[PDB]
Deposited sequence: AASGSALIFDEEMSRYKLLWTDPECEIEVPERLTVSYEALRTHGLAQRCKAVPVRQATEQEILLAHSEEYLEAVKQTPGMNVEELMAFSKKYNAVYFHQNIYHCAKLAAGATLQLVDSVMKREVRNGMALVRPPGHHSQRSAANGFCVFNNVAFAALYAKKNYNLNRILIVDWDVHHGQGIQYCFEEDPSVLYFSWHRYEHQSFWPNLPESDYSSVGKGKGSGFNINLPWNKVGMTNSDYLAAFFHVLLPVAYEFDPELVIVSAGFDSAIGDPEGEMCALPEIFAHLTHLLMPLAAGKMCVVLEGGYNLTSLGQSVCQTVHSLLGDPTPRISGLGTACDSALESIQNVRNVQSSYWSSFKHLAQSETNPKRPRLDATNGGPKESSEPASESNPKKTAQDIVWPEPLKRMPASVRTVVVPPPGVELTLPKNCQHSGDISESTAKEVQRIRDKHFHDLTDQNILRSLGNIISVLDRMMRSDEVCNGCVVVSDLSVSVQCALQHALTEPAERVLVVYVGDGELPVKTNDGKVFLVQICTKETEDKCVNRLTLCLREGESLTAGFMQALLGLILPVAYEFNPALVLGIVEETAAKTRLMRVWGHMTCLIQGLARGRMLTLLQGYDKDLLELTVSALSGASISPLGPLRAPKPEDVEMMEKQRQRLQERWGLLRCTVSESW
């Protein structure tokens, strides 16, 4: 029953600043914070967020990750003049101190804990803290790289201590390596740390051997540390999405964290003077989106870096938009990760293969343009159960006709289905059309679910009506066996079929997954979802998703499926379920509407299934480059 998104912020954290000439520190300015709140205010997103107030972290809380000695040294800095502050700063690397910075660091820390309490008490579903100074570089007894105290380290330890959590995921998508966080949880298997970061074969700051893919943790923590070094600059949306689909999410869903914490630095975004990567802000709408099915949505985004004041606010707004569940922007031009990225992706996968049952088969050889507006839909979701059925609906849904819509069904009938008169089927067809009309052209409805009786006529009308809408491209996800009125010959339709009997597949616009039924089914299905289905879908960039389920269908995966596949097509998905099922219709509507998803926790899948999936990657990765997670073989 949790709802809303906290936005923790306070203008006091912008009242410390660099007080002497130092060109390497110039970039880290108070204006980073004011630009960010103001952007969220301009776009109406700050107003939609519960503004939880900042507090100071207590001394007892700071000692969870820091040392009496180093805390007492920093506690002395508010009494210092500028000479003394320069001297204290020079005992550390890439960090300046200010009379007010111990004050703000305590606030940046306290703000993060405020976010943790709000999320874990169900007062909000998720949140984001706009803090200065950053956290992820600082260590138990030192400040480093603009950080004083490790705000995200605090959050996990705090959430460990006061909520008795066993599994916490920390995703550090900042462009620098959060070495403070890795040090803190090195031997700890209850806090899984994933970081990607600019490395350039250790030439990039902080220049640490520990930053490479080979550091997997120590002792009982081996496997619970994951570094993905970028060894070239200019990494693109396709490189970030490849890292999620083929490293982070496979490990994240098997881990099944009880809470997700993001070190969200946006120096990894296009335009940043320190990161020099090429991902558009829109990418962060999806990095957020892809993780929200974890831990029932309990996500704590915590600002780290970001230095181009323009690129900064755009990426913050994309993250909060997604936190509030607004529709995700379509990403165009996705394709293969570059060669350096595939090398890094392939190296970390191989070294981690001893630890995760998603890479296990790898071990035994058998300046840029503006984002476009994302206002949420009038009504998010439209439901059309059988006539007579009426269950209760979330606050943002609605039941289903028109005269125009009725002339089409008659028009469609006489042309293509002359020998059909079932006034029930012909109702479904009217519903499909009218619900698609409200999705494809009105910004009013987002997605919908229609229960249907005859599948073949329902799908045909759904599909053909969408193509003339115009929908340049339609992705079709079908769970069932048998033929289906689909023409996957031109580039306008891609079909994903999940069936029980295998099928030699000729066409390359198709992905047929035959999963040997059993206890294996759920674990393997979701390897294929993150490993194959999402990467193809993302490259395809559909205008509309059409989900279909035949009546002889198991169910425990459809919510994750529905939640994730809404990253395509600005969330415009129509779902045709054949036959009434209270539970499935309830689950489909719940996921479509933005609700949180029940986690899965636990198995590992059958080799006949993982081999079936790698035959599919082999058969498709040359058409669909985003499927690649190795370097191409050169002639």
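Coordinate coverage of the deposited sequence breaks at 367-400, 435-436, 590-593, 643, these segments carrying no C-alpha atoms.
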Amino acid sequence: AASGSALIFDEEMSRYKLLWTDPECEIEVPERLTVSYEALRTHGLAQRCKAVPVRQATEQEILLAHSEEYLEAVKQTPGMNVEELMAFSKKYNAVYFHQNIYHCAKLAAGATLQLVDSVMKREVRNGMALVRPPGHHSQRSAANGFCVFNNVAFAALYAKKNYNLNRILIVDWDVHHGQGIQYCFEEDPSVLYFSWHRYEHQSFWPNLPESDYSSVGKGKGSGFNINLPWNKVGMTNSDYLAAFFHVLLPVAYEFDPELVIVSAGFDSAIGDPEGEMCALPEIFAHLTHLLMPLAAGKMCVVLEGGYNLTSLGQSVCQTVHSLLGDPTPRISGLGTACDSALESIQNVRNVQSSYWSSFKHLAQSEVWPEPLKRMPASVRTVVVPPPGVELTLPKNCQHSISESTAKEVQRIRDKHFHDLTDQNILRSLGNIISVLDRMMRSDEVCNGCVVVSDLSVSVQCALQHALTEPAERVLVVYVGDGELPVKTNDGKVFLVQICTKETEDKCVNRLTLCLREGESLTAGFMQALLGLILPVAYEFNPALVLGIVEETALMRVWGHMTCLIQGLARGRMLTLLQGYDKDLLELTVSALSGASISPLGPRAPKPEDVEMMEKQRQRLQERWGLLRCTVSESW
From here on, numbers count along this sequence of modelled residues.
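Rigid core (definition): largest C-alpha set, two forms, superposition within 1.5 Å.
Put simply, when the other structures in 7 other deposited structures of this protein are lined up on the rigid core, the C-alpha atoms of 354-362 lie farther off than those of the other stretch, from 257-265 and 354-362. Averaged over structures and residues, the CA distance from the shown form in 7 other deposited structures of this protein after a core fit is larger for 555-563, of the two stretches 555-563 and 451-459. For residue 418, the record comparison shows coordinates absent in at least a third of the other entries of this protein that model its neighbours. Relative to its counterpart among 518-526 and 324-332, 518-526 has the higher mean temperature factor, C-alpha atoms as listed in the PDB entry.
Averaged over CA atoms, B-factors in the entry run higher in 491-499 than in the other of 491-499 and 280-288. Per the deposited coordinates, the residue with the largest Cα temperature factor out of 125, 137, 197, 441 is 441.
Across the residues 81, 214, 365, 354, the deposited record lists the maximum Cα B factor for 365. Per-chain ranking of the deposited C-alpha B factor places residue 42 in the middle third. Residue 173 sits in the lowest third of its chain by CA B factor, as recorded in the PDB entry.
Split the chain's modelled residues into thirds by C-alpha temperature factor. Residue 570 is in the middle one. For residue 394, the recorded CA B-factor ranks within the highest third of the chain. Only modelled residues enter the ranking. When the modelled residues of the chain are ordered by their C-alpha B factor, residue 606 lands in the highest third.
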